[PDB]
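First, one chain by itself: the form deposited in one PDB entry, in structure tokens.
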């Protein structure tokens, strides 16, 4: 098997779950193994924001300070003095993985405990939001805080984006943001054919953790929802995006 091969080549542990939503055919490799979710949680976070606010209510302007900035603030560092709307925050979070934008959205929805509550509510008993960004990235093997599984992430992302945990106008918003991600070009998008539309959200964390969760659209036909998660044994390990890209190619062969 080809996932074992990738684990060998990249000295890494892979967690994979893919659902072809046309057929309910499934492709799994350690699907229930826990990983740090890292920034993939931002996608679920916006999902819950969208349930809680009208589209029009996303125009509320949030004021913040240098105190709200954390380790990686690519958009949010430009607008300290003008503020950013909730819509703009969602954009930055999803398209740039802006960690302060995440923390700002999370405060707006009642924090990690409230996010977890709302995840439970949608049927997700696995994903365990506990901390703010980037502390949520510090996860040691065996620990369950700020972890989820490939299967749980898939099921949750499908629920917000494709089923009925959002109305269609808000599903369109989330999908547009994730289609237009800037962070993902070497990962899931690198293992799909050009012309197959991809909406994704990436993550990186401790233990060489390197994740991507995606909706993938064939030219016609129903979408595939995929989570490709990875980690490595040393705390300070590097990751290699090619792993996720190669793993994606294996998934697409097994389903097609």
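Residue numbers count along the first chain shown, from 1.
Unshown form solved in complex with a partner chain; subsequent notes refer to it.
Decide if the three candidate residues 188, 246 and 249 all line its partner chain in the deposited complex, where lining means a heavy atom within 4.5 Å.
Contact check failed for every one of 188, 246 and 249.
Looking in the deposited complex, any heavy atom of residue 54 within 4.5 Å of its partner chain? The answer is no: residue 54 has no heavy atom within 4.5 Å of its partner chain.
Original post:
Given that the partner is absent here, does residue 58 sit within 4.5 Å of its partner chain in the deposited complex, heavy atoms only?
Top reply: Because no heavy atom of residue 58 falls inside 4.5 Å of its partner chain in the deposited complex, the answer is no.
Query raised in the report: According to a 4.5 angstroms non-hydrogen atom cut-off, is residue 62 in contact with its partner chain in the deposited complex?
Result: Because a heavy atom of residue 62 falls inside 4.5 Å of its partner chain in the deposited complex, the answer is yes.
**Message:** Taking any heavy atom pair closer than or equal to 4.5 Å as contact, tell me whether residue 110 reaches its partner chain in the deposited complex.
**Reply:** Yes - in the deposited complex, heavy atoms of residue 110 and its partner chain come within 4.5 Å of each other.
ask   = What stretch, of 202-210, 66-74, 226-234, 34-42, brings heavy atoms to within 4.5 Å of its partner chain in the deposited complex?
value = Contact-bearing stretch, as computed: 66-74.
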